[PDB]
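Engineer:
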Amino acid sequence: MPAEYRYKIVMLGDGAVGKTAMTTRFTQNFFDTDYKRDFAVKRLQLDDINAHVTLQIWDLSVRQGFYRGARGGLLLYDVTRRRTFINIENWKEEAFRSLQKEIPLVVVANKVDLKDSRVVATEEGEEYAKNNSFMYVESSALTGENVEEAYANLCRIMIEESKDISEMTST
Ligand SMILES: Nc1nc2c(ncn2[C@@H]2O[C@H](COP(=O)(O)OP(=O)(O)O)[C@@H](O)[C@H]2O)c(=O)[nH]1
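Written as C-alpha cells, this is what we have:
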C-alpha cells in the first residue's frame, strides 16, 4: 500500500497567465479557449516513491482565506508578457506575508507554445528561480507540456518537507 499525503496548494500569478488553464489541464486533461470557470481536486500517484497525494488546488479578507493552510504553490507568469514576469516577486511576497512563513514554490513559465510572441527568455526565469532555490518549469496548458511535471515536482518537495517535519518531531 502506498503512503498517503494531502496538501492544499495555491496557483499564483497575474490575470490571464494561465492559472485556470493549467489547473484544467492537470485535473481534467484538456484545453479549451472557451472554458468557463474555490478549488479543484486531483489525486496523484507517484510511483518512484509509492506515494499517493490528494491535492486541493486553489485559484483566485478573501486573500487571507485563499492562502490559509497552503503547503505549496505554483508561481506562474506568461512568457509573452514581461509585466507578469516582473510581478511574480510580488506574488511570492504576498503569499509569504499572508502565511507568515515560506512555502515551496515552483516557478512556472507558461504559454511557451507561443514561440513567436515570447519575450521572457528561459534564462531569465531560471535565474529568478535559482536565486530563491525554487525549481523552474516551462509549461503549456494548451499542449500539456510539463504541466503534470510541475505539479508532481511540487508534490515531491512537499512530501520531503513532511518527512523533514516527521524527523524534527521525533528527536
Ligand atoms: N497558447 C496558450 N494559451 C494559453 C495557455 N494557457 C492559458 N492560455 C490562454 O490564455 C488565456 C488566459 O488563461 P486563464 O486560464 O484564463 O488564465 P488565469 O486568468 O490566470 O486563470 C485564455 O485565453 C487561455 O485559453 C497556454 O499554455 N498556451
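Numbering (UniProt numbering) for the sequence shown: 1 to 37, 42 to 64, 72 to 182. Don't be surprised by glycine CBs; every beta carbon is placed ideally from N, CA and C.
#1: Assess, as a yes-or-no matter, whether the stretch 106 to 122 is touched by the stretch 80 to 87 under the definition of 3 or more beta carbon pairs within less than 8 angstroms.
#2: Give a yes or no on whether the C-beta atoms belonging to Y35 and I170 are separated by under 7 angstroms.
#3: With H, G and I counted as helix, E and B as strand and the rest as coil, what does DSSP make of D51?
#4: CA-CA distance, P2 and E149?
#5: Going by other Cβ atoms of all chains shown within 10 Å of its Cβ, with 16 needed for buried, is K174 buried or exposed?
#6: Need the endpoints of the alpha helix (DSSP H) that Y162 sits in, please.
#7: Do the stretch 106 to 114 and the stretch 90 to 97 touch if we need at least three Cβ pairs shorter than 8 angstroms?
#8: Going along the chain, which residues of its own chain have a beta-carbon closer than 7 angstroms to the beta-carbon of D42, five neighbours each way excluded?
#9: Kindly indicate which residue of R92, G15, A132, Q60 has the alpha-carbon position closest to the one of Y162.
#10: Ligand 1 and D124: does any heavy atom of the ligand fall closer than 6 angstroms to the residue's C-beta?
#11: Could you work out which residue in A16, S177, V130, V57 is closest to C166 when comparing CA atoms only?
#12: Can you tell me whether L125 is helix, strand or coil according to DSSP?
#13: Alpha carbons only, please: which of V17, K8, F107, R25 is nearest the one belonging to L125?
#14: Out of curiosity, what's the CA-to-CA distance linking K19 and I53?
Structural biologist: A quick look at the data gives this:
#1: yes
#2: no
#3: helix
#4: 29 angstroms
#5: exposed
#6: 158 to 179
#7: no
#8: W62
#9: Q60
#10: yes
#11: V57
#12: coil
#13: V17
#14: 28 angstroms
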